[PDB]
Amino acid sequence: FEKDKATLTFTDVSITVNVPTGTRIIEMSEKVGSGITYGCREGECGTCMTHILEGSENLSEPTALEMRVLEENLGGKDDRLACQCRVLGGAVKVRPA
Ligand code: FES
């Protein structure tokens, strides 16, 4: 009934925020103090890498750009870029990678 909102848990700070769907993880991490770093405005640096603990199915699929910057920065199977990863619904749990 609230399909336009999603819960996002930053486990390094133990807080779950209810975000409007389509919000990027980086747009909440600094609001709660999570240690995810915003280091560029072009999606190329990869310093915003984030480990997706749960709920990867509720996230926007990675673009070809994200995949390239992920691989360039040794991102793993469950890592995503916080400045490019949008929460589309459901429940997601993340920690700084
Ligand atoms: S902040 Fe640079 S890739 Fe996300």
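Residues numbered from 1 in each chain as written, not as in the entry; some residues may be left out. Heavy atoms only, no water.

Looking at the entry header, you'll see X-ray crystallography listed as the method and 1.70 Å as the resolution.

For the rest of this paragraph, the subject is the pattern of salt bridges. For the structure on display, the rule yields three salt bridges. Between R68 and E44 there is a salt bridge, with its nearest N and O atoms 2.7 Å apart. In this pair, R68 sits in helix α2 (residues 64-72) while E44 sits in the loop between α1 (26-32) and β4 (49-54), placing the two residues 24 residues apart along the sequence. Assessed through its relative accessible area of 36%, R68 is described here as partly exposed. One salt bridge in this structure joins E66 and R80, with 2.6 Å as the shortest N-O distance. Of this pair, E66 sits in helix α2 while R80 is found in strand β5 (residues 79-81), placing the two residues 14 residues apart along the sequence. On the basis of relative accessible area, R80 is assigned to the buried category, the value being 10%. Among the charged side chains, a salt-bridge network with shared partners connects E44, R68 and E72. (Salt bridge = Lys/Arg side-chain N within 4 Å of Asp/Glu carboxyl O. Helix = DSSP H or I, 4+ residues; strand = E, 2+ residues; numbered from the N terminus. Buried < 20%, exposed > 50% of the residue type's maximum accessible area, 1.4 Å probe, protein only.)

Per the UniProt record, "binding site: [2Fe-2S] cluster" is found at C40, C45, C48 and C83. With the annotated positions falling across 44 residues, the maximum pairwise C-alpha distance of 10.4 Å places them together in a single cluster. Looking only at the residues we just named, the largest cavity is lined by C40, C45, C48 and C83. Mapping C40 onto the fold places it in the loop between α1 and β4. Within the secondary structure, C45 is located in the loop between α1 and β4. Not counting chain neighbours up to four residues away, the residues in contact with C45 comprise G39, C40, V69 and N73. (UniProt positions renumbered as here; feature names shortened; annotations may be inferred. 1 Å grid on protein atoms, 1.4 Å probe; cavity = no way out; pocket = protein on both sides within 12 Å on 5 of 7 lines; lining within 4 Å. Contact = heavy atoms within 4.5 Å.)

One non-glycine residue, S14, lies in the positive phi region at around 55 degrees. Topologically, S14 is positioned in the loop between β1 (5-10) and β2 (15-20). The exposed category is assigned to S14, whose relative accessible area is 66%. With a phi close to 60 degrees, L74 is a non-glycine residue in the positive phi region. If you trace the backbone, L74 turns up in the loop between α2 and β5.

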